[PDB]
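Report on one structure; see the data block that follows.
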RNA sequence: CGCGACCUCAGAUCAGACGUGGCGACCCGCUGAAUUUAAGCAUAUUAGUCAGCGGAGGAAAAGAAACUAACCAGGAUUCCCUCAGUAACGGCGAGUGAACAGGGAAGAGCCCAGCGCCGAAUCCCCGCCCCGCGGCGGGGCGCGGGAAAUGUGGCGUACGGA
Ligand SMILES: [Zn+2]
């Protein structure tokens with residue numbers, strides 16, 4: 002929808018920013034257990050709700 | 002320099018604003034230097050200025066408040082900021098003195114018949 | 002004094018003097034709203050027995066309660082079950098109408114607290130009660146050592162727990178062999194105590 | 039006195055203003071949207087420069103709560119210039135991009151060197 | 002045609018985001034939330050779903066004001082005092 | 002289904018009794034709590050006796066127990082009047098007083 | 001009609017304060033089933049139970065007899081043992097089912113209306129003084145305002161009281 006409200010566009014802004022992968026150096030840490038981002042949302046598979 | 006809180010309290014209120022906006026000014030090109038690709042040494046300095054701005058603005062917020070509550074120290078009515086905020090249930094209770102109020106009938110009882118200290122034998 | 006002569010004056014409700022007055026107040030109270038404030042007691046003698054004192058902080062509200070029993074709020078019969086619970090017309094509410102008047106007065110004026118209530122008139126469809134309310138934050142009530150028990154947070158909404166004089170009648174509590182099923186805290190406490198297994202360590 | 043109209047209206051009773059014996063809050067809240075917080079950082083995008091030498095404008099990242107009037111006075115106060123017009127948009131990333139058109143007596147290239155972007 | 006061909010006409014959202022509970026359960030036509038009951042002053046909760054209770058209780062969120070009441074409780078809620086300076 | 006020989010039993014377990022089950026694991030901890038509060042009370046009234054005020058000599062009702070003698074709620078006003086002790090002063094010196102008791106004997 | 005009390009009833013972004021909502025393991029007041037059993041099932045039983053509603057507190061409620069008893073009598077409320085699976089209720093079927101007394105834990109009593117006596121002897125707010133002021137507290141001054149005679153305060157509550 003080209004027509005948007007300020008609530009939806011602000012809400013869509015966070016989900017776009019959360020779709021980026023983890024940094025390269027994050028598994029150089031000491032007690033880190035994260036291998037990759039398990040919350041990567043693809044626009045074809047996961048439809049985000051709404 | 003390492004801005005401390007001890008020496009900031011004795012300075013003038015308008016002198017703090019003279020220092021505050023310069024810290025605000027000096028932080029402005031630091032965000033510019035991040036976008037333009039500045040040196041990594043200057044990118045580690047911006048957290049110090051953020052905490053130094055927080056230090057300056059705290060003292061301005063601090064020193065204003067004890068001037069206000071000293072001004073309202075003797076008055077009957079004070080703003081709700083200066084009133085003690087502690088757990089609304091007990092702000093609705095009585096004062097220190099009011100449950101110490103005994104009736105004239107009750108005060109006669111302990112004077113006429115006080116509780117006695119006594120002991121018994123075997 | 003004069004308070005005694007009004008005590009048995011209200012005990013003669015069938016007399017000509019009271020029957021004229023009771024039908025005038027009932028007409029007057031009917032044209033008003035279902036909830037409004039009375040500025041002074043119509044029954045000054047009754048309020049003193051219940052604990053009202055004519056000072057600042059003592060507030061009384063006069064309301065009405067619709068007369069009759071309680072029918073079951075169900076769609077057209079809506080009793081999907083055994084014939085025992087098929088009764089819908091001749092059911093009765095567990096609490097009295099006076100206790101309902103204490104609940105409605107306390108729910109509206111939530112800042113005040115209900116002391117007691119009394120009867121001032123009735124109709125075919127309405128019962129009229131004056132309900133005494135106490136302001137727990139007025140300095141006359143707050144600084145008086147006799148009346149500061151209202152100010153404690155334990156006595157919030159006494160009429161909601163049935164702790165008032167009218168609400169205590171429907172609880173069925175009291176001393177004697179007629180109140181065996183309310184021994185303990187309440188009716189619920191008696192059933193709870195009698196329906197538990199005291200499984201000891203050594204049995 | 040006589041009643042000309044058959045309807046009864048409530049008489050206009052006098053009402054006072056607020057005369058508090060104490061303010062509700064001790065001190066007024068300080069302005070958190072100052073001239074420094076409103077302008078975050080300018081853009082060094084190849085489209086951002088392309089907006090500069092051609093249109094004689096400036097591109098900034100500004101807070102989402104800002105007005106076009108507030109951006110006009112902010113750029114005026116911070117850099118000692120004046121602004122012809124301001125066009126704003128909200129990028130899907132989440133903060134607000136504003137195009138600041140400068141007056142023809144000022145040059146977008148020269149003011150860029152004082153503020154460091156090139 | 003009650004199956005696959007009937008899902009193609011789904012383009013009108015009936016629910017939307019609530020601004021008190023955060024869940025997408027605010028019915029536009031009834032102007033009410035099916036999760037928390039937005040127009041009602043009281044939060045919608047029921048005892049027949051204990052799992053739905055513990056999804057949103059006093060322990061789930063930030064407790065940005067309640068976590069300092071517990072810290073201040075163990076000192077008796079002292080006010081106006083400061084530790085002895087150097 | 003009953004067996005050959007046995008009793009007819011009425012187990013009162015047809016309600017949801019498993020919810021209302023009162024275990025007694027607090028009993029060893031309760032006894033310590035009763036003792037510690039009792040010892041703390043005694044130190045508060047250190048010259049006064051730990052039991053409290055004295056109790057009168059009381060015959061039992063319910064003829065099954067009518068030959069037994071217990072310790073009662075409090076001394077009657079007739080018993081205090083003969084002893085020459087004012088009823089409002091006896092309570093301060095550790096005498097249990099109640100106005101409900103009678104004196105038939 | 002002018003002028004002035006009083007009673008009812010309004011308007012306030014009036015001065016000063018109060019309630020809303022959350023949690024809800026425990027508690028109080030309502031409302032309140034059907035699965036199940038009775039080898040069916042309808043009274044019963046499940047069960048004042050689940051669910052629903054309101055209200056608090058750190059505990060709540062109850063509580064100092066219009067009591068229990070018929071004894072040579074006990075003597076506020078609450079909890080444990082026992083009474084007792086008893087008296088009793090129940091298509092007297094399934095099943096349901098207390099209370100007194102006794103031994104313990106604890107143990108604290110009291111206040112009004114009315115009856116009357118005291119010159120309203122009473123209380124709230126606003127201003128001033130003094131002293132602490134994060135619980136504005138007390139005392140003193142108010143031909144300062146108000147509440148209160150449609151009854152405040154002291155003595156005084158069944159054990160008697162003046
Ligand atoms: Zn919602």
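Residue numbers (the entry's author numbering), protein chains in the order written: chain AL39, 2 to 51; chain AL35, 2 to 123; chain AL15, 2 to 204; chain AL25, 39 to 156; chain AL37, 2 to 87; chain AL13, 2 to 106. Note that CB positions come from ideal geometry on N, CA and C, so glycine has one too.
### Message
Measuring only from the beta carbon, is residue 92 (chain AL37) closer than 7 angstroms to any heavy atom that is part of ligand 1?
### Response
This structure gives no information on residue 92 (chain AL37), because the portion of chain AL37 shown stretches from 2 to 87.
### Task
Could you tell me whether the Cβ of residue 103 (chain AL35) comes closer than 8 angstroms to any Cβ of chain AL13?
no
### Message
For residue 211 (chain AL15), which residues in the same chain have their Cβ closer than 8 angstroms to its Cβ, ignoring the five residues on either side in sequence?
### Response
Residue numbering for chain AL15 in the displayed model covers 2 to 204; residue 211 (chain AL15) lies beyond these limits and cannot be assessed.
### Task
At 8 angstroms on the CB atoms, spell out the chain AL15 contacts of residue 26 (chain AL13), in chain order.
202
### Message
Just verifying my parser: in three-state terms, what is the DSSP assignment at residue 120 (chain AL15)?
### Response
Strand, per DSSP.
### Task
Decide if the stretch 51-68 of chain AL25 is in contact with the stretch 112-130 of chain AL25; the criterion is three or more beta carbon pairs, one per stretch, under 8 angstroms apart.
no
### Query
residue 76 (chain AL25) touches chain AL35 at which residues, Cβ-Cβ below 9 angstroms?
Those do not exist, as residue 76 (chain AL25) stays about 11 angstroms from chain AL35 at its closest Cβ, beyond 9 angstroms.
### Query
Going by beta carbon distance, what residues of the same chain come within less than 6 angstroms of residue 103 (chain AL15), once the five residues before and after it are set aside?
115, 118, 132, 160, 165 and 167
### Query
In whole angstroms, what separates the C-alpha of residue 106 (chain AL15) from that of residue 67 (chain AL37)?
34 angstroms
### Query
What's the C-alpha gap between residue 54 (chain AL13) and residue 85 (chain AL13)?
CA-CA distance, residue 54 (chain AL13) to residue 85 (chain AL13), rounds to 18 angstroms.
### Message
Please tell me whether residue 8 (chain AL39) has its Cβ less than 8 angstroms away from any Cβ of chain AL37.
### Response
yes
### Message
What I want to know is whether the C-beta of residue 78 (chain AL35) ends up closer than 7 angstroms to one or more non-hydrogen atoms of ligand 1.
### Response
no
### Task
At 8 angstroms on the CB atoms, spell out the chain AL15 contacts of residue 99 (chain AL35), in chain order.
143, 144 and 149
#### Entry: chain AL15 contact residues for residue 95 (chain AL35), given Cβ-Cβ distances below 8 angstroms
143, 149 and 152
### Query
Just to confirm, are residue 49 (chain AL39) and residue 42 (chain AL39) a CB contact at a threshold of 8 angstroms?
yes
### Residues that residue 78 (chain AL37) contacts on chain AL35, provided the C-beta gap is smaller than 9 angstroms
85, 87, 88 and 91
#### Entry: Nearest-angstrom Cβ-Cβ length linking residue 104 (chain AL35) and residue 147 (chain AL15), presumed shorter than 8 angstroms
6 angstroms
#### Entry: Same chain, Cβ closer than 6 angstroms to residue 77 (chain AL37), five either side skipped, listed in chain order
none
### Task
Identify the contact partners of residue 50 (chain AL13) in chain AL35, using a Cβ-Cβ distance below 7 angstroms as the criterion.
121
### Message
Suppose only complete runs of 4+ residues qualify. What are the alpha helix (DSSP H) ranges in the stretch 90-143 of chain AL15, listed by chain order?
### Response
98-109
### Query
If you pair each beta-carbon of the stretch 58-73 of chain AL25 with each one of the stretch 5-15 of chain AL35, do three or more pairs fall below 8 angstroms?
no
### Query
I think residue 28 (chain AL35) touches residue 4 (chain AL35), with their Cβ atoms under 8 angstroms apart; what is that distance to the nearest whole Å?
That pair is no contact at about 13 angstroms.
### Query
Of the choices 196 (chain AL15), 195 (chain AL15), 185 (chain AL15) and 152 (chain AL15), whose alpha-carbon is the least far from that of residue 58 (chain AL15)?
152 (chain AL15)
### Cross-chain neighbours of residue 193 (chain AL15) in chain AL13, by beta carbon under 9 angstroms
Ordered by position in chain AL13, the residues that pass the 9 angstroms Cβ test against residue 193 (chain AL15) are 21.
### Task
Taking only the alpha-carbon atoms, compute the straight-line gap between residue 81 (chain AL25) and residue 93 (chain AL25) and give it to the nearest angstrom.
Note on geometry: alpha-carbon atoms of residue 81 (chain AL25) and residue 93 (chain AL25) lie some 15 angstroms from one another.
### Query
Which residue or residues does DSSP assign as beta-bridge partners of residue 198 (chain AL15)?
22 (chain AL13)
#### Entry: Simplified DSSP state of residue 126 (chain AL25), which is helix, strand or coil
strand
### Task
State the DSSP-derived secondary structure class of residue 172 (chain AL15), mapped to helix, strand or coil.
coil
#### Entry: 7 angstroms Cβ cut-off: residues of chain AL13 touching residue 118 (chain AL35)
48
### Query
Can you list, in chain order, the residues of its chain whose CB lies under 7 angstroms from that of residue 78 (chain AL13), leaving out five sequence neighbours each side?
88 and 100
### Task
Determine the burial state of residue 139 (chain AL15): buried for a count of at least 16 other Cβ atoms within 10 Å of its Cβ, exposed for fewer.
By the C-beta density criterion, residue 139 (chain AL15) is buried, having at least 16 other C-beta atoms within 10 angstroms.
#### Entry: Secondary structure of residue 39 (chain AL15), DSSP reduced to three states
strand
### Message
As an exercise, report each continuous beta strand (DSSP E) stretch of at least 3 residues that is fully enclosed by the stretch 47-95 of chain AL13, in chain order.
### Response
58-60 and 70-72
### Task
Run through the stretch 55-85 of chain AL35 for me and flag every whole beta strand (DSSP E) of 3 or more residues, listed as ranges in chain order.
none
### Task
Indicate the three-state DSSP secondary structure (helix, strand or coil) for residue 107 (chain AL25) in the structure shown.
helix
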